[PDB]
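First comes the structure, then the notes that go with it.
In this analysis, Cβ positions are derived from the backbone assuming ideal geometry, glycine residues included, and neighbour counts consider all displayed protein chains. Readers should treat all values here as calculations from the given coordinates under stated rules, not as data from a laboratory.
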Amino acid sequence: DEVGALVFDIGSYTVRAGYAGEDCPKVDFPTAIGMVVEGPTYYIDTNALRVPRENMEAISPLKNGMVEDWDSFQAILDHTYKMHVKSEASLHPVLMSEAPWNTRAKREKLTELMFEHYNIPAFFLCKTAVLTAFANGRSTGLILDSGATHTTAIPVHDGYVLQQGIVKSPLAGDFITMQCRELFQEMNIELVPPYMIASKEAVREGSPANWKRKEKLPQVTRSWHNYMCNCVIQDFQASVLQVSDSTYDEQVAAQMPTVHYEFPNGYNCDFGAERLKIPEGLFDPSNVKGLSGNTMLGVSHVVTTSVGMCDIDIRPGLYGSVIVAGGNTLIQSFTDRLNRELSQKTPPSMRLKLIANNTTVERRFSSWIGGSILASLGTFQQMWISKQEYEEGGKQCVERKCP
Amino acid sequence: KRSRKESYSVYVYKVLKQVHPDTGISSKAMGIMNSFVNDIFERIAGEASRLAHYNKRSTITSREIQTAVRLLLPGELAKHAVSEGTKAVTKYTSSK
Amino acid sequence: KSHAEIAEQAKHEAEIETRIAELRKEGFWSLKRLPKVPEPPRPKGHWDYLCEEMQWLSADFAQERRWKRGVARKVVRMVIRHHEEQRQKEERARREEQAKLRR
Amino acid sequence: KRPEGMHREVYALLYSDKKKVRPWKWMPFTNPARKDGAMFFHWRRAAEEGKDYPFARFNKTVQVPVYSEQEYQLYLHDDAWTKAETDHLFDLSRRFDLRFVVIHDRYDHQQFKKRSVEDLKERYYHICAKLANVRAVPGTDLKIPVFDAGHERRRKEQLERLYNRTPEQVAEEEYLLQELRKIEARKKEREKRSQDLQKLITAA
Amino acid sequence: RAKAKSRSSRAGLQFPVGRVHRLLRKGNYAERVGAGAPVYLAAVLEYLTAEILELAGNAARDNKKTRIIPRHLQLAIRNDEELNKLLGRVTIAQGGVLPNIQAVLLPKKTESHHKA
Ligand SMILES: Nc1ncnc2c1ncn2[C@@H]1O[C@H](COP(=O)(O)OP(=O)(O)OP(=O)(O)O)[C@@H](O)[C@H]1O
């Protein structure tokens, strides 16, 4: 059942690669790898990417959870294979995750790219929602994945995704980063990434930062500077932001304790109601500046819409198995707000139940853990796409063995 | 705000199923079995306490319980309980 | 009572009328709810075997993660105990000098 | 002298009341459940190098029937369904273990017109029943209990009506719930009691 | 820490040695209960319960029933020589005494042909 394999979870934010059967991925690095057109050189290591040099324009090999640069994809695959894996691809089957909305053309091109270039013994392309359901202990249920690019509610019934029930919303990590940018700009906060700081001195709360700029600066692009700024913004998110328990109330938002945070340049200040007004857009995009439009569906709205487009015979099961995953889901009180909104919306007959997985490893790596336990099953041995299957049936075999 | 009450229904149904896989037990029969368990518990405990007190001892030990079982259970019923208890103590101290 | 009972009784007739109105609205009792479902199950189902093995292995993986974290906690607390007991053993070597005097 | 020599408690209770040579190796193996002969590897023992793969038994495929072109053209002809429209249904059934809740989604709506779940299932079961009725010797469950698609349709519709009930059909619906008992008690306790009391007054 | 093992599992008993020792230590039966007293008590309780349950199941199977009832417990307790000696003072709710057979009526007297 357990054979030496490599489960690849290529997320839009981070790519997780490891051996099937492990509790955690072997490596986890940001997906927005820096690129320099020298062929082009790519850096697939946190210590080799977030470095004060080497312009490294961020190419983001994938976008919207789908492959968009096959050359950069080959480069990142090669680096992951001989940097942390350090093994011949021909000796290990490959189980790779895919976005449910991934087109067949991509699927097939990726499949053939792993048989004529890497010559892997077997292949399999499973959807992220299926893997998530597989990990959390449910074959039927709704997968709520609030990633960096999009927040999606993917209904899984009997291990298969119901495309008609897929609902997507652009309110994701990118939206949170944009809101944090706007908040910093409104509070006259200079977002100085670490690579620009030579040294700093402790200053009083709210006072201007006293930091020295490095004289021998790197030759960075606007893209790489924005990438460093977005990393700092994501740190700020993980450190400060918190979802409101109930619908955002300005009066109640001003009664919550503040959270202290110091930027890399030394600037530090306490945040009050501004840290709880940003995460409200995820659930209620109406009260969002610059987002003038009601078509955007909130997390609870996305869930209810995804469940509504499915057959009523399975909606009870979907509500009874609503798996929450993604990095954005790690924000404080997000789960409580989501459960409250769903209980208020979910009809009484439908027994709402939220799986109690909330750990960072359990959340961000749910998709990878799913494939890890799926490739370790003896029953899964009969579903592999063997090299002979690809050589005979061609690239289109991906559509039959792993629909 | 719950007022939970305990019982041996968990170790008696288990014993029943291990000795009688196919035969069940009703709720009232379970209560009667629990009452018997508690009554024998009280009897053995009181006998061991009194036996220890006779010897000017402030501790009830396995020997006191063994002699109390010898005294209470009649004829060819004590021996079996004593043997079971001794074999459980020997298997308990052996760290198995 | 037993006088001017119309004020109380006409309410029941109004409630009957509202009951008919609601039956027209969505329905009081859904007509013929789940009368027949003859779909015969598969002999076993490959997917049902896969789901059984999936449950078996997922429960195992979860328990194994929990047990691994518990064992890590155990070993860390054990090394902390080793250091604390080394210092307590220095103190007890002093107490053993005292006990040797005593002996 | 006391023999003892054993544990204190057990002793008192008893007396007071008188080379491995099995190497694991990385072995290749072929799974009988596969027809392509794909060679996989497994961590097996040395005592069973060459034994068949045990999990192959968990490969019972669904019993989707297969029929010839002539049989189709003769018996399974349908004005509303063409071969290109019918073969895809059975292909999806064979591919997804004959579950219609997933087959509907997989339906290629580009080349094929939109079909519900109930009508797809009805067409499938009708094709199966015809294949059985045109077969005598193989005993293909001639009397298949084909479900009534119309009853299934109205059931799907009434329960869907019972689904969306937010404004007043779930909260104010408690009124109709209480009425379910009031009308079953008040109506009787009024009219039948009126009859009974009239008969009593007649006897009185 | 190490995986905690209960005391019922070590000895190999089903009844709770833990709860037994608990009732004992704060039951005022003594000042400092021994470590082996509760194990032995639970073992004897388990043996007696197993015996009475065996007898009750036998009586139920003889009566063609699946669920044990006070009838079966009473029958088992009063049939066994030693359990009755142990539970002579005890009375059971919804129980009954051992019955007599009515077949004796047939070959002595029955309804005659008079106006039958
Ligand atoms: N500790 C944290 N606290 C709060 N938010 C976080 C934390 N860590 C990451 N995030 C947010 O989560 C986002 C990353 O999402 P994640 O990587 O889980 O999606 P994903 O699994 O890659 O989705 P997909 O598989 O569809 O690509 C980031 O944009 C970041 O803002």
query = residue D:130 versus (1) at the interface with another protein chain (Cβ under 8 Å from one of its Cβ atoms); (2) in contact with a helix residue (DSSP H, G or I) (Cβ under 7 Å, 6 or more places away or on another chain): which is the lone unmet condition?
reply = (1)
query = Is it the case that residue C:50 is in contact with a helix residue (DSSP H, G or I) (Cβ under 6 Å, 6 or more places away or on another chain), in a helix (DSSP H, G or I) and either within 14 Å of chain D (Cβ to nearest Cβ) or over 29 Å from residue A:1 (Cβ atoms) (or both)?
reply = yes
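Residues checked against (1) over 25 Å from residue A:29 (Cβ atoms); (2) under 21 Å from the mean Cα position of the chain (by Cα); (3) not acidic (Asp, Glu):
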residue	(1), (2), (3)
A:166	yes, yes, yes
A:187	yes, no, yes
A:210	yes, no, yes
A:219	no, no, yes
task = Would you mind stating whether residue E:12 is of a type outside the set (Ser, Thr, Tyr) and on the phi > 0 side of the Ramachandran plot?
result = yes
ask   = Taking segment A:138-148 as the search range and keeping residues that are within 12 Å of the ligand (Cβ to nearest atom) and closer than 18 Å to residue A:354 by Cβ, which one is surrounded by the most Cβ atoms within 10 Å (Cβ to Cβ)?
value = A:143
task = Could you please let me know if residue D:149 is more than 12 Å from chain C (Cβ to nearest Cβ) and aliphatic (A, V, I, L, M)?
result = no
ask   = Using beta carbons and a limit of 7 Å, which pairs, at least six apart or on different chains, have the first residue in segment E:83-97 and more than 10 Å from chain B (Cβ to nearest Cβ) and the second one of a type outside the set (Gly, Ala, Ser)?
value = E:96/E:71; E:96/E:74
ask   = How many residues does segment D:61-82 contain that are within 14 Å of chain A (Cβ to nearest Cβ) and surrounded by 14 or more Cβ atoms within 10 Å (Cβ to Cβ)?
value = 1
note = With the first residue restricted to segment D:71-91 and required to be part of a loop (DSSP other than H, G, I, E, B), and the second required to be surrounded by 12 or more Cβ atoms within 10 Å (Cβ to Cβ), Cβ contacts under 7 Å at 6 or more apart or on different chains are none
Residues satisfying the stated conditions in segment D:17-38, i.e. surrounded by 12 or more Cβ atoms within 10 Å (Cβ to Cβ) and either facing chain A (nearest Cβ under 8 Å) or under 30 Å from residue B:89 (Cβ atoms) (or both) = D:17, D:31, D:33, D:34, D:36, D:38
request  = For residue C:88, state whether it is loosely packed, with under 12 Cβ neighbours inside 10 Å, of a type in the set (S, T, N, Q) and either more than 7 Å from every other protein chain (Cβ to nearest Cβ) or touching a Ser or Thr at 6+ places or on another chain (Cβ under 7 Å) (or both).
outcome  = no
task = Check A:177, A:151, A:132 and return the single one that is surrounded by fewer than 24 Cβ atoms within 10 Å (Cβ to Cβ) and under 30 Å from residue A:233 (Cα atoms).
result = A:177
ask   = Within segment E:1-19, which residues are among the hydrophobic types (A, V, I, L, M, F, W, C) and either at the interface with chain B (Cβ under 7 Å from one of its Cβ atoms) or in contact with a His (Cβ under 9 Å, 6 or more places away or on another chain) (or both)?
value = E:11, E:13, E:15
key: Flag if residue C:55 is surrounded by 10 or more Cβ atoms within 10 Å (Cβ to Cβ) and more than 9 Å from every other protein chain (Cβ to nearest Cβ)   = no
note = A careful count of residues in segment D:24-48 that are farther than 15 Å from residue D:59 by Cβ, assigned to a loop (DSSP other than H, G, I, E, B) and among the hydrophobic types (A, V, I, L, M, F, W, C) gives 1
ask   = What do you reckon, is residue D:14 surrounded by 11 or more Cβ atoms within 10 Å (Cβ to Cβ), farther than 30 Å from residue B:60 by Cβ, more than 11 Å from chain A (Cβ to nearest Cβ) and among the aliphatic types (A, V, I, L, M)?
value = no
ask   = In segment A:50-97, which residues are away from the ligand (no atom under 16 Å from the Cβ), part of a strand (DSSP E or B) and surrounded by fewer than 21 Cβ atoms within 10 Å (Cβ to Cβ)?
value = A:57
inquiry  = Show me the helices (runs of 4 or more DSSP H) found entirely inside chain B where at least 3 residues are within 7 Å of chain E (Cβ to nearest Cβ) and touching a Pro at 6+ places or on another chain (Cβ under 9 Å).
reply    = B:27-54
request  = Please work out if residue E:39 is at the interface with chain B (Cβ under 8 Å from one of its Cβ atoms), part of a helix (DSSP H, G or I), in contact with a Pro (Cβ under 8 Å, 6 or more places away or on another chain) and surrounded by 22 or more Cβ atoms within 10 Å (Cβ to Cβ).
outcome  = no
request  = Select from segment A:98-120 the residues that are among the aliphatic types (A, V, I, L, M) and out of contact with any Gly (no Cβ under 9 Å at 6 or more places or on another chain) and list them in ascending order.
outcome  = A:105, A:110, A:113, A:114, A:120
query = When residues of segment A:116-129 are filtered for being among the aromatic types (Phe, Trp, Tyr) and surrounded by fewer than 21 Cβ atoms within 10 Å (Cβ to Cβ), how many remain?
reply = 1
request  = For residue D:6, state whether it is within 11 Å of chain A (Cβ to nearest Cβ), among the aliphatic types (A, V, I, L, M), surrounded by 12 or more Cβ atoms within 10 Å (Cβ to Cβ) and on the phi < 0 side of the Ramachandran plot.
outcome  = no
Segment C:11-26, residues that are surrounded by 14 or more Cβ atoms within 10 Å (Cβ to Cβ) and more than 7 Å from chain D (Cβ to nearest Cβ) = C:18, C:25
query = Has segment D:147-164 got any residue that is surrounded by fewer than 14 Cβ atoms within 10 Å (Cβ to Cβ) and aliphatic (A, V, I, L, M)?
reply = no
query = within 11 Å of chain A (Cβ to nearest Cβ) and surrounded by 18 or more Cβ atoms within 10 Å (Cβ to Cβ): does that describe residue D:105?
reply = yes
key: Per-region count, segment A:1-29, residues part of a strand (DSSP E or B), within 16 Å of the ligand (Cβ to nearest atom) and closer than 26 Å to residue C:69 by Cβ   = 11
